[PDB]
Amino acid sequence: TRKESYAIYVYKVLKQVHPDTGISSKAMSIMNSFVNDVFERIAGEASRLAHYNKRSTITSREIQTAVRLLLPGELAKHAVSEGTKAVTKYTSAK
Amino acid sequence: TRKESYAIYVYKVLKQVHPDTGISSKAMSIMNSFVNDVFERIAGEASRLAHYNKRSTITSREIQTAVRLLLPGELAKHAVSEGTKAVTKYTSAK
Amino acid sequence: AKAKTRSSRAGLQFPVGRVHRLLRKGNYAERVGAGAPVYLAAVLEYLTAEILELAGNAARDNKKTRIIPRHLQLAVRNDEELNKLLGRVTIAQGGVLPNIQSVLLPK
Amino acid sequence: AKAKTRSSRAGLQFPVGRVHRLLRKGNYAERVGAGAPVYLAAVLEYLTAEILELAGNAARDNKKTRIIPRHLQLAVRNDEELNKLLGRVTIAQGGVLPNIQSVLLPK
Amino acid sequence: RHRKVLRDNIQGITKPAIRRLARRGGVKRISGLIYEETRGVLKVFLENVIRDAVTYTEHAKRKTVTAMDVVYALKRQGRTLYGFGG
Amino acid sequence: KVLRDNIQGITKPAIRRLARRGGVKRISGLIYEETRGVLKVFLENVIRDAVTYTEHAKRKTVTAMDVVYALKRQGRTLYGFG
Amino acid sequence: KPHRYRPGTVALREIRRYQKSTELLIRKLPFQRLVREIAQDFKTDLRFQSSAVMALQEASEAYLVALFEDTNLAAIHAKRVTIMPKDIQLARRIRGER
Amino acid sequence: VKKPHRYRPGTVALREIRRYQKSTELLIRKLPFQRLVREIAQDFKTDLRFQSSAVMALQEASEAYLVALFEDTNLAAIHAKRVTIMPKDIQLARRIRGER
DNA sequence: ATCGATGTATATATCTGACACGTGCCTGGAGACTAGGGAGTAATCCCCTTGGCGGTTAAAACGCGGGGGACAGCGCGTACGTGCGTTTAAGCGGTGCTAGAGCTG
DNA sequence: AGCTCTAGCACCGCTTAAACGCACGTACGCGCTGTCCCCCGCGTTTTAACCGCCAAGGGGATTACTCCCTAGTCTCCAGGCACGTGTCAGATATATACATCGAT
């Protein structure tokens with residue numbers, strides 16, 4: 001069988017933010033759990049925001065509200081910008 | 001328009017347990033909110049128990065495990081006892 | 001044939017059908033078994049019956065024929081197990097339990 | 001035509017397709033929008049980038065080029081804001097801060 | 001809809017009101033430094049609740065902070081509130 | 001094989017060292033007793049959820065997945081074991 | 001010769017009087033002004049339902065009475081009877097709000 | 001009678017208060033914790049098995065609980081103008097969290 | 001104030017097993033496609049929030065007195081901590097066993 | 001239901017540093033006693049919360065319309081994961097320099 005994770009992706013992100021740093025396998029597991037938990041939180045509040053408004057879709061607005069909800073502070077001012085630029089790229093690429 | 005509520009059911013529960021006692025509207029809404037909150041908690045735990053066992057169907061055993069997790073102490077034993085006698089009555093009456 | 005509700009088939013007074021519909025619409029799982037609504041309704045009846053019984057006892061202790069939300073707070077906070085269940089839960093119009101620390105009491 | 005992965009169209013290092021499949025199979029809603037997996041992959045990538053940025057800073061302060069979950073604990077906990085997000089989180093082999101109270105120091 | 005730019009309303013929660021709120025909790029004497037720390041922590045808690053409440057409003061494209069949004073915002077912080085629909 | 005008691009197995013210098021990891025200077029004589037008590041009740045609470053998680057899946061061993069999942073339900077997520 | 005009670009008696013009397021009452025200890029209109037002041041810098045020209053305002057009333061009152069009970073426990077642990085701002089900070093920071 | 005060189009009570013405590021907070025090794029011995037986990041899971045049923053990673057996660061989580069509770073206990077102790085901890089500090093730290 | 005041992009840290013080399021890299025391979029992401037109803041918009045009614053007025057009056061604010069209660073200081077004394085010596089069981093390794101996970105049907 | 005086989009479990013030896021008990025001393029807990037200032041309860045005084053009435057009209061809610069958008073199906077291939085190989089950085093060990101704490 002095969003098991004699905006986020007190890008190579010966090011390795012690529014660490015490589016592009018730091019070209020000369022290594023990382024342990026325990027940290028592979030911790031990043032896997034952290035990415036899974038943050039995804040679970042954001043998707044769960046996306047579902048809750050859908051169910052509160054009688055909404056059958058989860059668009060970028062629900063995820064934007066969820067990112068403004070879970071994360072407080074300046075990351076709330078950061079992660080709603082960066083992801084916005086992401087879809088700003090996507091609408092220029094589709 | 002009409003909004004669904006558990007008002008008359010917990011009202012007849014009150015009439016069954018205290019036949020000479022009425023209810024107030026604020027306490028009625030508090031009990032409705034309690035019913036919705038416990039329903040959401042147990043259904044969410046059952047959803048987690050199904051998803052974590054690679055299971056797609058919520059059976060009576062799902063909610064039995066969920067109420068064994070959530071309700072602490074002797075209420076768990078009376079809850080599983082009343083649930084088991086309810087489901088055996090349901091199967092026997094079918 | 002004659003229609004006959006599943007709540008009476010289970011010997012149950014919260015509705016089977018409403019719990020089944022909110023289980024399907026609640027997006028908890030793709031499929032919901034037959035025993036799931038009756039079991040969950042039985043659990044809901046047990047919790048509602050316990051809290052209503054304790055509230056009725058507290059109202060008899062206060063001597064009114066009405067459950068005020070103060071009686072609901074007194075019902076759910078005097079029982080240790082229900083206190084552990086509804087620990088992070090605020091009930092409106094409830095106040096607090098009338099407790100005083102023994103250090104504060106003079107004699 | 002030649003297939004291009006949606007993460008590269010979004011300019012992202014995190015998979016759009018895997019996140020979209022998990023949103024479908026997590027059964028959060030009946031439908032999932034087009035830009036929502038892109039946006040969620042972007043916020044996951046930003047959080048991962050910040051946490052590994054702080055991990056690399058802590059590792060360079062420790063002068064250890066491969067990061068340890070100790071360096072991760074110094075990364076998460078010393079940040080004044082990221083500690084609030086991971087407040088109810090225990091990091092395995094994480095440890096605590098080397099903090100000493102001012103009264104506890106010798107006179 | 002705001003009639004005027006309100007400011008310095010933290011004194012609206014008066015020292016006697018703080019004294020009752022302490023009395024319900026079961027404390028005998030109150031120091032003079034309590035009455036501003038209590039206002040500060042009250043301000044912090046209300047800011048934390050109302051930020052989530054107004055995000056719930058702006059997701060719904062509304063202008064009115066309804067009771068349901070406040071209920072869900074308080075549920076988000078782990079303090080579930082009953083009596084307002086739920 | 002049934003173990004009689006190993007509450008005393010939690011070593012008194014081990015509690016001293018855990019408290020020193022907590023950042024304390026001095027330890028009272030009763031701390032070794034109520035620390036064992038709170039550790040016992042916490043392990044009771046976690047292990048009960050772990051065993052009922054395992055019983056849900058028709059399994060008769062306890063995995064790290066179920067321990068982490070019980071800790072997640074309890075309110076303290078654990079990263080490092082999936 | 002007035003009927004001046006001993007300070008430390010009528011405080012407990014009104015402790016018992018308030019602990020059996022469900023009346024709102026914070027007046028409605030100062031809390032209106034405070035809620036509008038807090039919500040002003042998040043979006044200008046916001047409106048509030050009265051039931052939402054009552055939700056703020058009850059949640060705020062419950063949070064404050066729970067915090068004051070915890071600080072009372074922290075004060076009586078510290079061989080004192082009067083609560084102090086250090087009790088406030090200690091209860092909040094053990095609770096994890098800081 | 002001469003006496004050997006020795007430290008004040010508390011300064012080697014600070015030397016290892018710095019030494020023990022810079023490391024991340026597990027503090028409880030592995031076998032007694034495993035035996036305790038096996039004996040707690042007995043009234044649930046007998047003949048239950050634990051993976052080594054399960055016992056590892058349990059020990060790490062319990063040590064995290066004890067270190068957080070001991071920071072809160074030392075903070076309650078320093079609130080009461082004391083440098084050592086007391087049992088009633090432990091029940092205070094449990095009572096403020098609402099889990100006693 | 002000064003000097004000394006004890007302790008932690010700094011530096012260089014050897015050594016090793018986890019991690020970095022590569023390769024084969026296949027599930028699942030991607031492109032194309034149609035269809036349906038959810039979604040966005042406009043038109044509409046109308047509950048309900050804001051706003052103002054007036055009077056009532058409960059209550060906030062104010063200053064006063066005085067005495068617990070906070071808190072600094074002191075002394076005493078039990079209970080810590082630190083240490084040496086001894087004891088002991090964890091820790092480590094290999095061996096041997098099969099229950100029981102785990103996958104397929 | 002059933003085969004495969006990981007790994008949990010049982011054990012046994014020896015090396016091992018902690019675990020253990022005890023001996024000596026002192027900083028620290030606890031209580032007393034001190035000053036005193038801090039707050040509580042008071043009437044007097046004063047502000048505004050409160051009721052309720054009326055009214056303006058924004059804004060949430062419903063109804064209706066139509067259309068872009070996403071599940072769904074189908075085909076296809078490359079990114080992704082298991083597997084394998086081998087450096088190489090961290091652990092280990094020894095020698096060297098500096099500094100906190102003790103007490104001359």
# chains A, B, ... in the order shown; residues from 1 in each chain; ligands from 1
>>> calpha_fit_rmsd(fixed="chain A", moving="chain B")
0.5 Å
>>> residues_around(residues="region 89-91 of chain D", least_positions_apart="2", cutoff="7 Å", atoms="only C-alpha atoms (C1' of nucleotides)", output="JSON, numbers by chain")
{"D": [73, 86, 87, 93, 94], "F": [76, 77, 78, 79, 80], "H": [64]}
>>> write_last_selection(atoms="N, CA, C and O atoms", output="tab-separated table (two decimals), in the first residue's frame")
chain	number	residue	atom	x	y	z
D	73	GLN	N	9.97	24.13	18.61
D	73	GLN	CA	9.32	24.65	19.81
D	73	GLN	C	9.77	26.08	20.08
D	73	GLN	O	8.95	26.94	20.43
D	86	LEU	N	-1.11	28.12	17.99
D	86	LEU	CA	-0.78	26.82	18.56
D	86	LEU	C	-0.69	26.91	20.08
D	86	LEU	O	0.35	26.66	20.69
D	87	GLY	N	-1.81	27.29	20.69
D	87	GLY	CA	-1.88	27.45	22.12
D	87	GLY	C	-2.26	26.17	22.84
D	87	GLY	O	-1.74	25.88	23.92
D	93	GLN	N	8.60	15.93	21.63
D	93	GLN	CA	10.01	16.29	21.86
D	93	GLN	C	10.23	17.79	21.68
D	93	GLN	O	11.18	18.23	21.03
D	94	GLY	N	9.34	18.58	22.27
D	94	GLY	CA	9.41	20.02	22.12
D	94	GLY	C	10.12	20.73	23.25
D	94	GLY	O	10.99	21.57	23.01
F	76	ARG	N	-6.30	19.10	23.65
F	76	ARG	CA	-4.87	19.35	23.52
F	76	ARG	C	-4.35	18.50	22.37
F	76	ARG	O	-4.05	17.32	22.54
F	77	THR	N	-4.26	19.11	21.19
F	77	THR	CA	-3.77	18.41	20.01
F	77	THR	C	-2.30	18.05	20.18
F	77	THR	O	-1.52	18.81	20.76
F	78	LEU	N	-1.92	16.89	19.66
F	78	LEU	CA	-0.56	16.39	19.76
F	78	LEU	C	-0.01	16.19	18.35
F	78	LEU	O	-0.58	15.44	17.56
F	79	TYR	N	1.09	16.87	18.05
F	79	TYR	CA	1.76	16.74	16.76
F	79	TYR	C	3.02	15.91	16.93
F	79	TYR	O	3.83	16.18	17.83
F	80	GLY	N	3.19	14.91	16.08
F	80	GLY	CA	4.39	14.09	16.13
F	80	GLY	C	4.13	12.62	15.91
F	80	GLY	O	5.07	11.83	15.76
H	64	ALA	N	4.00	16.84	29.22
H	64	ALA	CA	3.58	18.19	28.87
H	64	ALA	C	2.56	18.73	29.85
H	64	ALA	O	2.62	19.90	30.25
>>> closest_atom_pairs(of="chain E", to="chain J", cutoff="12 Å", atoms="only C-alpha atoms (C1' of nucleotides)", output="JSON lines")
{"residue": "E:1", "atom": "CA", "partner": "J:58", "partner_atom": "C1'", "distance": 9.6}
{"residue": "E:12", "atom": "CA", "partner": "J:48", "partner_atom": "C1'", "distance": 11.0}
{"residue": "E:19", "atom": "CA", "partner": "J:40", "partner_atom": "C1'", "distance": 11.9}
{"residue": "E:28", "atom": "CA", "partner": "J:40", "partner_atom": "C1'", "distance": 10.5}
{"residue": "E:29", "atom": "CA", "partner": "J:39", "partner_atom": "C1'", "distance": 8.0}
{"residue": "E:30", "atom": "CA", "partner": "J:39", "partner_atom": "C1'", "distance": 7.7}
{"residue": "E:31", "atom": "CA", "partner": "J:39", "partner_atom": "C1'", "distance": 7.1}
{"residue": "E:32", "atom": "CA", "partner": "J:39", "partner_atom": "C1'", "distance": 8.0}
{"residue": "E:33", "atom": "CA", "partner": "J:39", "partner_atom": "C1'", "distance": 11.4}
{"residue": "E:60", "atom": "CA", "partner": "J:60", "partner_atom": "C1'", "distance": 11.2}
{"residue": "E:61", "atom": "CA", "partner": "J:60", "partner_atom": "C1'", "distance": 10.8}
{"residue": "E:62", "atom": "CA", "partner": "J:60", "partner_atom": "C1'", "distance": 8.2}
{"residue": "E:63", "atom": "CA", "partner": "J:59", "partner_atom": "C1'", "distance": 7.8}
{"residue": "E:64", "atom": "CA", "partner": "J:59", "partner_atom": "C1'", "distance": 8.5}
{"residue": "E:65", "atom": "CA", "partner": "J:60", "partner_atom": "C1'", "distance": 11.6}
{"residue": "E:66", "atom": "CA", "partner": "J:60", "partner_atom": "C1'", "distance": 10.6}
>>> residues_around(residues="region 64-66 of chain F", least_positions_apart="2", cutoff="9 Å", atoms="only C-alpha atoms (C1' of nucleotides)", output="PyMOL selection string")
(chain F and resi 49-51+53-54+62+68-71+81-82) or (chain H and resi 50-58)
>>> residues_around(residues="residue 25 (chain J)", least_positions_apart="3", cutoff="12 Å", atoms="only C-alpha atoms (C1' of nucleotides)", output="tab-separated table (two decimals) with N, CA, C and O atoms (P, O5', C5', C4', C3', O3' and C1' of nucleotides), in the first residue's frame")
chain	number	residue	atom	x	y	z
H	3	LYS	N	35.42	20.38	56.57
H	3	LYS	CA	34.23	20.11	55.78
H	3	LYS	C	34.54	20.25	54.30
H	3	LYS	O	35.32	21.13	53.90
H	6	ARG	N	31.01	22.74	49.31
H	6	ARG	CA	29.65	22.48	48.89
H	6	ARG	C	28.95	23.79	48.59
H	6	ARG	O	29.39	24.87	49.00
H	7	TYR	N	27.84	23.69	47.86
H	7	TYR	CA	27.10	24.84	47.38
H	7	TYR	C	25.98	25.21	48.35
H	7	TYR	O	25.61	24.43	49.23
H	8	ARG	N	25.46	26.42	48.19
H	8	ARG	CA	24.25	26.82	48.90
H	8	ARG	C	23.06	25.99	48.42
H	8	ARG	O	23.05	25.53	47.28
H	9	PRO	N	22.06	25.79	49.28
H	9	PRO	CA	20.83	25.14	48.81
H	9	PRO	C	20.05	26.04	47.87
H	9	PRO	O	19.43	27.01	48.30
I	79	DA	P	8.29	19.14	59.60
I	79	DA	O5'	8.93	19.53	58.19
I	79	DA	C5'	8.53	20.74	57.55
I	79	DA	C4'	9.49	21.11	56.44
I	79	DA	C3'	9.80	19.98	55.45
I	79	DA	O3'	9.78	20.48	54.12
I	79	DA	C1'	11.81	20.81	56.37
I	80	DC	P	8.83	19.81	53.02
I	80	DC	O5'	9.64	19.98	51.66
I	80	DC	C5'	10.97	19.50	51.55
I	80	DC	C4'	11.97	20.64	51.65
I	80	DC	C3'	13.21	20.47	50.80
I	80	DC	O3'	12.97	20.99	49.50
I	80	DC	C1'	13.80	21.17	53.01
I	81	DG	P	13.56	20.25	48.20
I	81	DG	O5'	15.11	20.65	48.20
I	81	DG	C5'	15.49	22.01	48.19
I	81	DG	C4'	16.93	22.17	48.61
I	81	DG	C3'	17.95	21.47	47.71
I	81	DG	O3'	19.03	22.33	47.44
I	81	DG	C1'	18.26	20.79	49.94
I	82	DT	P	19.95	22.08	46.15
I	82	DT	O5'	21.24	21.32	46.73
I	82	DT	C5'	22.21	22.05	47.47
I	82	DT	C4'	23.15	21.12	48.20
I	82	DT	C3'	23.98	20.20	47.30
I	82	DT	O3'	25.36	20.44	47.50
I	82	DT	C1'	23.04	19.01	49.13
I	83	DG	P	26.44	19.82	46.49
I	83	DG	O5'	26.91	18.47	47.21
I	83	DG	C5'	27.53	18.53	48.48
I	83	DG	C4'	27.50	17.18	49.16
I	83	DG	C3'	28.05	16.03	48.33
I	83	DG	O3'	29.43	15.84	48.61
I	83	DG	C1'	26.10	15.43	49.64
>>> residues_around(residues="residue 73 (chain E)", least_positions_apart="2", cutoff="12 Å", atoms="only C-alpha atoms (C1' of nucleotides)", output="ChimeraX atom specification")
/A:45,48-49,52,69-70 /E:45-57,65-71,75-81,86 /G:52,55-56,59
>>> closest_atom_pairs(of="chain G", to="chain I", cutoff="10 Å", atoms="only C-alpha atoms (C1' of nucleotides)", output="CSV")
residue,atom,partner,partner_atom,distance
G:6,CA,I:68,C1',10.0
G:7,CA,I:68,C1',8.4
G:8,CA,I:68,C1',8.9
G:47,CA,I:49,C1',7.5
G:48,CA,I:49,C1',7.8
G:49,CA,I:49,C1',7.3
G:50,CA,I:49,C1',8.7
G:80,CA,I:70,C1',7.8
G:81,CA,I:69,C1',8.0
G:82,CA,I:69,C1',8.3
>>> write_last_selection(atoms="N, CA and C atoms", output="PDB file, in the first residue's frame")
ATOM      1  N   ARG G   6     -21.559  46.734  60.700  1.00  0.00           N
ATOM      2  CA  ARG G   6     -20.132  46.464  60.665  1.00  0.00           C
ATOM      3  C   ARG G   6     -19.728  46.284  59.205  1.00  0.00           C
ATOM      4  N   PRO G   7     -18.754  47.058  58.677  1.00  0.00           N
ATOM      5  CA  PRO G   7     -18.293  46.810  57.303  1.00  0.00           C
ATOM      6  C   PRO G   7     -17.667  45.436  57.136  1.00  0.00           C
ATOM      7  N   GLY G   8     -18.354  44.588  56.380  1.00  0.00           N
ATOM      8  CA  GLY G   8     -18.005  43.188  56.274  1.00  0.00           C
ATOM      9  C   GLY G   8     -19.192  42.303  56.585  1.00  0.00           C
ATOM     10  N   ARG G  47     -25.297  48.185  12.764  1.00  0.00           N
ATOM     11  CA  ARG G  47     -26.530  48.098  13.528  1.00  0.00           C
ATOM     12  C   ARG G  47     -26.541  46.806  14.334  1.00  0.00           C
ATOM     13  N   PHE G  48     -27.289  46.823  15.434  1.00  0.00           N
ATOM     14  CA  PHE G  48     -27.341  45.702  16.361  1.00  0.00           C
ATOM     15  C   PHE G  48     -28.787  45.373  16.694  1.00  0.00           C
ATOM     16  N   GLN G  49     -29.114  44.084  16.672  1.00  0.00           N
ATOM     17  CA  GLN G  49     -30.404  43.642  17.175  1.00  0.00           C
ATOM     18  C   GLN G  49     -30.405  43.666  18.698  1.00  0.00           C
ATOM     19  N   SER G  50     -31.597  43.834  19.275  1.00  0.00           N
ATOM     20  CA  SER G  50     -31.714  43.884  20.728  1.00  0.00           C
ATOM     21  C   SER G  50     -31.379  42.540  21.362  1.00  0.00           C
ATOM     22  N   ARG G  80      -5.113  36.625  51.889  1.00  0.00           N
ATOM     23  CA  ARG G  80      -5.731  37.941  51.864  1.00  0.00           C
ATOM     24  C   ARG G  80      -7.200  37.777  51.508  1.00  0.00           C
ATOM     25  N   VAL G  81      -7.978  38.830  51.749  1.00  0.00           N
ATOM     26  CA  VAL G  81      -9.389  38.827  51.394  1.00  0.00           C
ATOM     27  C   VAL G  81      -9.714  39.822  50.284  1.00  0.00           C
ATOM     28  N   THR G  82      -8.887  40.840  50.066  1.00  0.00           N
ATOM     29  CA  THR G  82      -9.143  41.842  49.041  1.00  0.00           C
ATOM     30  C   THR G  82      -8.439  41.452  47.748  1.00  0.00           C
TER      31      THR G  82
END
>>> residues_around(residues="residue 18 (chain G)", least_positions_apart="6", cutoff="10 Å", atoms="only C-alpha atoms (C1' of nucleotides)", output="MDAnalysis selection string")
(chainID C and resid 95:96 98) or (chainID E and resid 20:21 23:26) or (chainID G and resid 12 25)
>>> write_last_selection(atoms="N, CA and C atoms", output="compact mmCIF listing (two decimals), in the first residue's frame")
# COMPACT_ATOMS: atom_id res chain seq x y z
N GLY C 95 -27.67 33.18 36.40
CA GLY C 95 -26.90 33.55 37.58
C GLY C 95 -25.85 32.51 37.92
N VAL C 96 -25.48 32.48 39.20
CA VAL C 96 -24.50 31.53 39.72
C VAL C 96 -25.13 30.78 40.88
N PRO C 98 -25.52 29.91 44.68
CA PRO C 98 -25.30 30.74 45.87
C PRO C 98 -24.26 30.15 46.81
N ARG E 20 -21.05 45.20 41.78
CA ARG E 20 -22.02 44.11 41.70
C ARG E 20 -21.47 42.89 40.98
N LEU E 21 -20.77 43.09 39.86
CA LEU E 21 -20.26 41.95 39.10
C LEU E 21 -19.27 41.14 39.92
N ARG E 23 -19.59 41.05 43.26
CA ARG E 23 -20.40 40.49 44.34
C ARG E 23 -21.09 39.20 43.92
N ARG E 24 -21.53 39.11 42.66
CA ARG E 24 -22.12 37.85 42.20
C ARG E 24 -21.09 36.73 42.21
N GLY E 25 -19.84 37.04 41.89
CA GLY E 25 -18.79 36.03 41.93
C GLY E 25 -18.41 35.55 43.31
N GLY E 26 -18.73 36.32 44.34
CA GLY E 26 -18.50 35.88 45.70
C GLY E 26 -17.22 36.37 46.33
N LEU G 12 -21.67 40.77 52.61
CA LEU G 12 -22.12 39.38 52.48
C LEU G 12 -23.63 39.29 52.31
N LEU G 25 -26.74 42.96 35.74
CA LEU G 25 -25.94 43.79 36.63
C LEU G 25 -25.31 44.97 35.90
>>> select_by_dssp(residues="region 19-75 of chain B", states="strand (DSSP E)", output="ChimeraX atom specification")
/B:22-23,57-58
>>> select_by_dssp(residues="region 11-85 of chain A", states="alpha helix (DSSP H)", output="VMD selection string")
chain A and resid 11 to 17 25 to 52 60 to 70 73 to 85
>>> atom_distance(atom1="CA of residue 4 (chain B)", atom2="CA of residue 86 (chain B)")
24.3 Å
>>> atom_distance(atom1="CA of residue 72 (chain E)", atom2="CA of residue 66 (chain G)")
20.5 Å
>>> residues_around(residues="region 29-32 of chain H", least_positions_apart="3", cutoff="8 Å", atoms="only C-alpha atoms (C1' of nucleotides)", output="JSON list (two decimals) with N, CA, C and O atoms (P, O5', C5', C4', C3', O3' and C1' of nucleotides), in the first residue's frame")
[["chain", "number", "residue", "atom", "x", "y", "z"],
["F", 6, "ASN", "N", 1.99, 0.31, 40.43],
["F", 6, "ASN", "CA", 3.22, 1.03, 40.14],
["F", 6, "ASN", "C", 3.01, 2.54, 40.16],
["F", 6, "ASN", "O", 3.66, 3.26, 39.38],
["F", 9, "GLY", "N", 6.11, 3.59, 41.13],
["F", 9, "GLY", "CA", 7.05, 3.52, 40.03],
["F", 9, "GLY", "C", 7.38, 4.87, 39.42],
["F", 9, "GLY", "O", 8.48, 5.04, 38.88],
["F", 10, "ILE", "N", 6.46, 5.82, 39.49],
["F", 10, "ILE", "CA", 6.73, 7.20, 39.09],
["F", 10, "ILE", "C", 7.65, 7.77, 40.16],
["F", 10, "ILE", "O", 7.24, 8.08, 41.27],
["F", 14, "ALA", "N", 12.14, 11.73, 39.69],
["F", 14, "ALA", "CA", 11.57, 12.00, 38.37],
["F", 14, "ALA", "C", 10.53, 13.11, 38.43],
["F", 14, "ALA", "O", 10.47, 13.96, 37.53],
["H", 26, "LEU", "N", 12.93, 12.84, 27.51],
["H", 26, "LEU", "CA", 11.83, 12.44, 28.38],
["H", 26, "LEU", "C", 12.33, 12.30, 29.82],
["H", 26, "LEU", "O", 13.46, 11.86, 30.05],
["H", 35, "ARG", "N", 4.30, 0.44, 32.52],
["H", 35, "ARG", "CA", 3.59, -0.42, 33.46],
["H", 35, "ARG", "C", 2.38, 0.29, 34.06],
["H", 35, "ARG", "O", 1.33, -0.34, 34.27],
["H", 36, "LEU", "N", 2.49, 1.59, 34.32],
["H", 36, "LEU", "CA", 1.34, 2.35, 34.81],
["H", 36, "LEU", "C", 0.25, 2.42, 33.75],
["H", 36, "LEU", "O", -0.94, 2.24, 34.07],
["I", 90, "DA", "P", 12.38, -0.84, 36.38],
["I", 90, "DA", "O5'", 12.52, 0.33, 35.32],
["I", 90, "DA", "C5'", 12.95, 1.61, 35.75],
["I", 90, "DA", "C4'", 14.21, 2.04, 35.02],
["I", 90, "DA", "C3'", 14.10, 2.02, 33.49],
["I", 90, "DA", "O3'", 14.63, 3.23, 32.96],
["I", 90, "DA", "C1'", 15.99, 0.79, 34.18]]
>>> closest_atom_pairs(of="chain H", to="chain D", cutoff="8 Å", atoms="only C-alpha atoms", output="tab-separated table")
residue	atom	partner	partner_atom	distance
H:11	CA	D:106	CA	7.8
H:18	CA	D:98	CA	6.4
H:21	CA	D:98	CA	5.2
H:22	CA	D:98	CA	6.3
H:23	CA	D:95	CA	7.1
H:24	CA	D:95	CA	5.1
H:25	CA	D:93	CA	7.0
H:26	CA	D:93	CA	7.8
H:57	CA	D:92	CA	7.7
H:60	CA	D:92	CA	6.5
H:61	CA	D:90	CA	7.1
H:64	CA	D:90	CA	6.8
H:83	CA	D:104	CA	6.9
>>> write_last_selection(atoms="N, CA, C and O atoms", output="compact mmCIF listing (two decimals), in the first residue's frame")
# COMPACT_ATOMS: atom_id res chain seq x y z
N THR H 11 21.49 26.99 44.49
CA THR H 11 22.29 27.45 43.36
C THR H 11 22.64 26.33 42.38
O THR H 11 22.66 26.57 41.16
N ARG H 18 18.60 25.62 34.62
CA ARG H 18 19.00 25.98 33.26
C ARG H 18 19.34 24.74 32.45
O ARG H 18 19.07 24.69 31.24
N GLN H 21 16.05 22.77 31.24
CA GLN H 21 15.15 23.46 30.33
C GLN H 21 15.73 23.65 28.94
O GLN H 21 15.00 24.06 28.03
N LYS H 22 17.02 23.35 28.74
CA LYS H 22 17.62 23.41 27.42
C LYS H 22 17.58 22.08 26.69
O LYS H 22 17.81 22.04 25.47
N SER H 23 17.30 20.98 27.39
CA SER H 23 17.19 19.66 26.80
C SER H 23 15.73 19.30 26.58
O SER H 23 14.82 19.93 27.11
N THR H 24 15.52 18.27 25.76
CA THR H 24 14.18 17.82 25.41
C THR H 24 13.98 16.33 25.63
O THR H 24 13.04 15.74 25.08
N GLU H 25 14.85 15.69 26.41
CA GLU H 25 14.70 14.28 26.71
C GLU H 25 13.49 14.04 27.60
O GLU H 25 13.06 14.92 28.34
N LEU H 26 12.93 12.84 27.51
CA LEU H 26 11.83 12.44 28.38
C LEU H 26 12.33 12.30 29.82
O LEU H 26 13.46 11.86 30.05
N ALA H 57 3.66 8.52 22.97
CA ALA H 57 2.77 9.67 22.90
C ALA H 57 2.10 9.95 24.24
O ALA H 57 1.96 11.12 24.63
N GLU H 60 4.76 11.55 26.50
CA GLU H 60 5.04 12.92 26.10
C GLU H 60 3.90 13.86 26.47
O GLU H 60 4.14 14.96 26.98
N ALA H 61 2.65 13.43 26.26
CA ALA H 61 1.51 14.26 26.61
C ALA H 61 1.39 14.45 28.11
O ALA H 61 1.08 15.55 28.58
N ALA H 64 4.00 16.84 29.22
CA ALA H 64 3.58 18.19 28.87
C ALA H 64 2.56 18.73 29.85
O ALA H 64 2.62 19.90 30.25
N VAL H 83 8.57 30.85 47.44
CA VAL H 83 9.43 30.35 46.37
C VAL H 83 9.28 28.85 46.15
O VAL H 83 9.71 28.35 45.10
>>> interface_residues(of="chain H", to="chain G", cutoff="10 Å", atoms="only C-alpha atoms", output="PyMOL selection string")
chain H and resi 68-69+71-73+75-82+88-89+92-98
>>> atom_distance(atom1="CA of residue 26 (chain G)", atom2="CA of residue 64 (chain G)")
10.8 Å
